[PDB]
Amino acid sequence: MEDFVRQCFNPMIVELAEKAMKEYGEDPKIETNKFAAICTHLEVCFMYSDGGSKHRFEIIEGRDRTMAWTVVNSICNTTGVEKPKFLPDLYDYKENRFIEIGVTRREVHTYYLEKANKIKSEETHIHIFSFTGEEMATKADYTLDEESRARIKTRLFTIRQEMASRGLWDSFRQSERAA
């Protein structure tokens, strides 16, 4: 699974996933499902940020925590928008809201609800993707056009097939359940 992650995602994503795990005391070589999952989440965040007009999104995910918070604070202080309790992934300059992006191996609505009650925000938009083509967003406002979301769904499905074809998919699907 480790080698699969390293040849499936680009070096930059891999490097950001390694950092993120080291910060939390996890080992990429041992917890290889969480490694893959983190790479996946990062990829989706970047595709998503790319999905609109070329400067629509402040990218929050992938940065160092302290700089992420600094950027978050600048947005709040300049837009008025309320300050999130947890680090979101993106800010949408067009719609004036932060976005939390989720990717689940379980049901979209389950994840959506866990994520919603964790953040406690009538402002932060939530957008969940699955490895089965499903998506759920706050007030069914999917932010992006169809094409951009579709591209993401396809990519996710390819990752699932690529894993499946190596027999790593079951272990990966179950592991989000074990957490």
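Quick note: we count residues from 1 along the sequence shown, nothing fancier.
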**Item:** Higher-B stretch (mean Cα B-factor, as the entry records it), 154 to 162 or 5 to 13
**Value:** 5 to 13
**Asked** Taking the recorded C-alpha temperature factors, which stretch has the higher mean, 139 to 147 or 113 to 121?
**Response** 113 to 121
**Message:** Considering every modelled residue of the chain and its Cα B-factor in the PDB entry, is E134 in the lowest, middle or highest third?
**Reply:** middle
**Message:** Split into thirds by Cα B-factor across the chain's modelled residues, where does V81 land: lowest, middle or highest?
**Reply:** highest
**Asked** Sorting the chain's CA B-factors, does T66 end up in the lowest, middle or highest third?
**Response** middle
**Message:** Quick check on the deposited entry: does the C-alpha B-factor of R56 sit in the lowest, middle or highest third of its chain?
**Reply:** middle
**Prompt:** Where does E43 sit by CA temperature factor within its chain: lowest, middle or highest third?
**Reply:** lowest
